[PDB]
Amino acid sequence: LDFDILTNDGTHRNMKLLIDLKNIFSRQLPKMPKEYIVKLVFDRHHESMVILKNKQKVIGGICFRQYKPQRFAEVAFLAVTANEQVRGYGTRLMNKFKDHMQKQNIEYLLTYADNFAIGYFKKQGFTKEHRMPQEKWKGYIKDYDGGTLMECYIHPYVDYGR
């Protein structure tokens, strides 16, 4: 059980794992156009942290993009494959992700969530009440009136995992 950061570096190994992650994202988010998932996962501004089983099988992951000078990151997609859900991997992934964001000097995580995900993100400590001013994300994150933007503050000295 490894949680490795994967980026489009053009090797066959990382590419196969990024396609496997894209395939988990489309099968677990069927409302999402599959061509839109491909475009963000393989965009040079996005990175993906995968949950690697036996150092070769991707069973989950989180695709995100950092706004390094602004110190915030928006979570693109997050999913765990169906046959590996309710095994606590999703929480271990979010904790490993927040630990990496703390090391990347990222202060806030933002994500658009609607319906059930408002609840899953509230359990991972994301709130609908923002602490970060609206003008800090405007012009970097898209303002949709159709979703609920949730934010999680990453304090520099909180330990993330249990």
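The first residue of the shown sequence is 1; numbering continues from there. So that the term is clear: the rigid core is the largest set of C-alpha atoms that superpose within 1.5 Å between two forms.
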Fitting on the rigid core only, I'd like to know which of the two stretches, 107 to 115 or 92 to 100, ends up farther away in Cα terms in 6 other deposited structures of this protein. 107 to 115
Using RMS Cα distance over all structures and residues, flag whichever of 116 to 124 and 62 to 70 lies farther from this form in 6 other deposited structures of this protein after a core fit. 116 to 124
Going by the B-factors listed in the PDB entry, is the mean over the C-alpha atoms higher for 117 to 125 or for 60 to 68? 117 to 125
Please work out which of 152 to 160 and 2 to 10 has the higher mean CA B-factor as recorded in the PDB entry. 2 to 10
Residue set 103, 34, 136, 96, per-entry CA B-factor max assigned to 136
Tertile call for residue 141 (CA temperature factor, within chain, third-based) is the highest
Among modelled residues of the same chain, the CA temperature factor third for residue 132: highest
Please say which third, lowest, middle or highest, residue 52 falls into when its CA temperature factor is compared across its chain. highest
